[PDB]
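Basis for what follows: all heavy atoms, side chains included, without hydrogens, waters or symmetry-related copies. Letters go in sequence order (proteins before strands), and every chain restarts at 1.
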Amino acid sequence: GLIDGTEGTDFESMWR
Amino acid sequence: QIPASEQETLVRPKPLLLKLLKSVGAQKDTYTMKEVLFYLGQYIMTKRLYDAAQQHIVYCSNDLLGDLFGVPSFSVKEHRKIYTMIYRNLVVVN
Ligand code: NA
């Protein structure tokens with residue numbers, strides 16, 4: 001999410 | 001959340017962040033903003049610093065990341081805070 005706005009609740013989706 | 005026109009921008013990490021990037025196998029002196037973010041994420045994932053139940057919480061008081069960022073912990077939901085912590089350890093090329 002920090003990179004491209006991806007949404008999610010797991011760490012990886014949140015960091016992305 | 002980095003704009004596309006900024007994802008490829010070159011940045012020069014300062015020593016402490018450079019040490020962190022190297023620990024996960026990076027070998028460059030210069031990175032793109034997107035690469036800095038990925039390697040930071042892999043460092044957190046490889047060290048298992050995030051809370052298993054509430055995975056937006058990252059604990060780093062015992063870790064190199066907490067001295068770099070200057071906090072005992074942080075929440076991945078706080079994007080603007082994390083960017084400020086990263087930009088403090090970077091030199092962006094204009
Ligand atoms: Na926080």
Side-chain angles (χ1 to χ4, degrees), chain A, chain B residues 1-11 17 20-21 24 26 31-60 63 65 68-69 71 73-90 92:
Chain A
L2 304 171
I3 302 170
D4 61 11
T6 307
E7 271 134 352
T9 52
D10 53 285
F11 172 79
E12 325 177 358
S13 314
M14 305 209 69
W15 193 265
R16 227 198 317 164
Chain B
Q1 232 178 351
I2 289 286
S5 66
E6 290 285 333
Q7 276 166 341
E8 306 293 306
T9 302
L10 295 187
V11 299
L17 175 52
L20 185 160
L21 303 171
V24 279
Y31 300 95
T32 74
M33 191 56 188
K34 191 168 49 197
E35 294 171 324
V36 169
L37 270 173
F38 173 68
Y39 287 114
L40 273 188
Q42 211 195 106
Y43 176 98
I44 292 169
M45 278 207 261
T46 52
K47 280 204 158 190
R48 268 65 175 174
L49 299 187
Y50 63 92
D51 183 286
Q54 306 282 332
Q55 297 192 3
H56 59 286
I57 292 162
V58 175
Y59 307 110
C60 46
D63 192 277
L65 179 55
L68 181 81
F69 279 6
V71 281
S73 58
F74 64 97
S75 164
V76 188
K77 299 179 167 184
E78 300 286 315
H79 294 190
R80 301 172 55 80
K81 173 164 149 185
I82 291 165
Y83 293 135
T84 308
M85 301 195 143
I86 291 167
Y87 282 135
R88 279 189 347 251
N89 295 283
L90 280 186
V92 157

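- Options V58(B), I82(B), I57(B), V76(B) differ in how many heavy-atom pairs under 4.5 Å they form with chain A, and the most are formed by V76(B).
- Taken from OG in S13(A) to NE2 in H56(B), the straight-line distance is 14.0 Å, to the nearest 0.5 Å.
- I3(A) and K34(B) get closest at one heavy-atom pair: CG2-CG, 3.6 Å.
- A distance of 7.0 Å separates CD in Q7(B) from CG in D4(A), rounded to the nearest 0.5 Å.
- What you find for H79(B) and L2(A) is that their closest heavy atoms are CD2-CD2, 3.5 Å.
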side-chain contact (heavy atoms from CB on, under 4.5 Å) for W15(A) and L37(B)? Distances and angles first, verdict last. CA-CA 8 Å; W15(A) 193 265; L37(B) 270 173; 4.1 Å; yes

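- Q55(B) places a side-chain N or O within donor-acceptor distance of the main-chain N or O of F11(A), the cut-off being under 3.5 Å.
- Across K77(B), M45(B), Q42(B), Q54(B), the residue that shares the most heavy-atom pairs under 4.5 angstrom with chain A is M45(B).
- Looking at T6(A), there are no atoms closer than 4.5 Å to chain B (heavy atoms on both sides), in backbone or side chain.
- The contact between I2(B) and chain A is made by backbone and side chain atoms together, counting heavy-atom distances below 4.5 Å.
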